[PDB]
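*Asks:* So that we are looking at the same thing, I have put the structure below in C-alpha cells.
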Amino acid sequence: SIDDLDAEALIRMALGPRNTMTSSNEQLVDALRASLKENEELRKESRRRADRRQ
Amino acid sequence: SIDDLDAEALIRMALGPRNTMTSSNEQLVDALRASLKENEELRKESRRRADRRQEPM
Ligand code: NA
C-alpha cells in the first residue's frame, strides 16, 4: 500500500534509483567536503596556538 | 576500444553502475564518519593542550 511508504521510497518510485543514488552521493560529497574544510580550519587553529605557545 | 578504457570504466563494464555507485556510497559514508571522528579528536586534543601544565618543552 502506497500509504505505508515513506518519502524516501516514494521519491525512488518517481525518480528511479540512478537518480536517488546520485543525489545521495552528491550530498555525501557535500558533507565530506564541509567536514574536511572544518578539519583544515581546526589544524590551522592548532598550528597558530603551537606557534603562540612557542 | 577496451584497450583505451581506464580502470574505472573497466570496472563499470564488468560490474555495472548500480554496483559501482553503491561502492562509492559506502566509501563516502566511511570517509564522512572518519572525517567527523578525526575532527572530534582534534577538538579533544586542543582542550588537552590548553592545559599547559603538561606541556613538553
Ligand atoms: Na596539557
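Ordering of the C-alpha cells sets the chain letters (A, B, ...); residue numbers start at 1 within each chain; ligands are numbered from 1 in the order shown.
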Hey, list the chain A side of the contact with chain B: 6 Å cut-off, only C-alpha atoms, answer as a VMD selection string.
*Replies:* chain A and resid 25 32 39
*Asks:* For N, CA, C and O atoms, I'd like the residues from the last selection saved as a CSV table (one decimal), in the first residue's frame.
*Replies:*
```
chain,number,residue,atom,x,y,z
A,25,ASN,N,24.9,10.4,-3.2
A,25,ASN,CA,26.4,10.5,-3.3
A,25,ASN,C,26.8,12.0,-3.3
A,25,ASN,O,27.7,12.4,-2.7
A,32,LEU,N,31.1,15.6,3.3
A,32,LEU,CA,32.5,15.2,3.5
A,32,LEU,C,33.4,16.5,3.2
A,32,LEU,O,34.4,16.7,3.9
A,39,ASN,N,38.1,20.3,9.3
A,39,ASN,CA,39.4,19.7,9.7
A,39,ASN,C,40.5,20.6,9.4
A,39,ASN,O,41.4,20.9,10.2
```
*Asks:* Give me, please, the distance in Å between atom CA of residue 16 of chain A and atom CA of residue 7 of chain B, quoted to one decimal.
*Replies:* 26.8 Å
*Asks:* Atom CA of residue 3 of chain A and atom CA of residue 23 of chain A are how many Å apart?
*Replies:*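 These two atoms are separated by 24.1 Å.
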*Asks:* Extract, using only C-alpha atoms, all DNA, RNA and protein residues at most 12 Å from residue 2 of chain A, discarding same-chain residues fewer than 6 positions from it, and format them as a list in words.
*Replies:* residues 9, 10, 11 and 13 of chain A
